[PDB]
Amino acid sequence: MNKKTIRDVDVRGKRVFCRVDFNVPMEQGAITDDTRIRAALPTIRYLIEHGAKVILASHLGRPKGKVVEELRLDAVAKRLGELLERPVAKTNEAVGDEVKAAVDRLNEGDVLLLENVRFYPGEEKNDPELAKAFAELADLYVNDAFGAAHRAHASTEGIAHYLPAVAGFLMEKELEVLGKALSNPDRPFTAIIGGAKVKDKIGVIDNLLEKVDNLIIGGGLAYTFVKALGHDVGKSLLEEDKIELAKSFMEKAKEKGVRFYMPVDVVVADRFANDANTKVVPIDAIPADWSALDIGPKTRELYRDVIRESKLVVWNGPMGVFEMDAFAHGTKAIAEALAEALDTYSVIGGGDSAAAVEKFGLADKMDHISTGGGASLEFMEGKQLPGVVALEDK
């Protein structure tokens, strides 16, 4: 919230450097999923329509500061032109005289895609010299890549010290929804935290406990908490070194008046495989030589009931090993409960969690699916993302 956007500045006839996220999956030089390109169109179309000279910048993969032929942006330029139904110029460098000549040749409404910014070693180091070379190409900077704003790189932060800097439309949606969930939530406010390791979620659980009414835990994360309560977890994922941290979090929940929910039943398997023998058991009776890979039927029911009584729900992390169909039921049940809750606003964050919802075909039934991956989690921890801080306040 409070950042200026492209709607707040006149872009007619200005050279506009726009950081976008075109880091798409490829195989054999062909794009296999263009979702991220599609997500950038609203911003891009607005700029074209209003007469900006549009300069797009993105990274693709991890070239490590050198040219990697296979990570050039030609395929993306091609695909963008198809979607816009207008040619997209594309250079083989991102700075330098050839690039200055290409920007100079742009007319109002024209689009130019620069080569992969991570071909340059100063990008990931945030070198001011690279930042200044980028800034020399334009009049204004637009940041529409929330998934890259959590690290201070020349194209996501450095350049904003030299030009007026505003948010694109995707950036604006992420800040408004996530910002409001942390700053002024609708209540009851429930957070659902799953995934594999508590190690990965320490910051998120810590910060959400200062805000929510209810905290629900699932995934492999939950077995560290069950062990903390004195129950054996058989062969389940466990982080013994975090047992004391788990007891502190439960004590923080009590002190704050938060209702804390964890599984009452689990789906256990005799082997880590889709065709393993499985059975349902209560949480205090996990067989010593079996593994719990999903939440059970009574837990799905209980979680659905809490979701139904909440006005806002933030969910990060699968409830079980959803990659295997036999252990995907708990994850599916949470997605379906959110899709069907008439007065509950749903926010989803995390790579696997977004994938899971897409996989079940429920993405359009959710209020907001964060695009930021790791940047969404860091935002939820209460961190100040460098790319966000650099943008001007309205």
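From 1 onward, residues are counted along the sequence shown.
As the entry records it, the average C-alpha temperature factor is higher for 104-112, out of 149-157 and 104-112.
Between 113-121 and 249-257, it is 249-257 that carries the larger average Cα temperature factor according to the deposited entry.
Within the listed group 56, 341, 369, 335, the record reports its top CA B-factor for 341. Each of 26, 39, 47, 68 has a CA temperature factor in the record; the biggest one is found at 26. Residue-level temperature factors show residue 378 in the middle third of its chain, judged at the C-alpha atom.
Split the chain's modelled residues into thirds by C-alpha temperature factor. Residue 290 is in the middle one. Residue 360 sits in the highest third of its chain by CA B factor, as recorded in the PDB entry. In this PDB entry, residue 282 carries a Cα temperature factor that places it within the middle third of its chain's modelled residues. When the CA B factors of the chain's modelled residues are split into thirds, the value for residue 191 lands in the lowest one.
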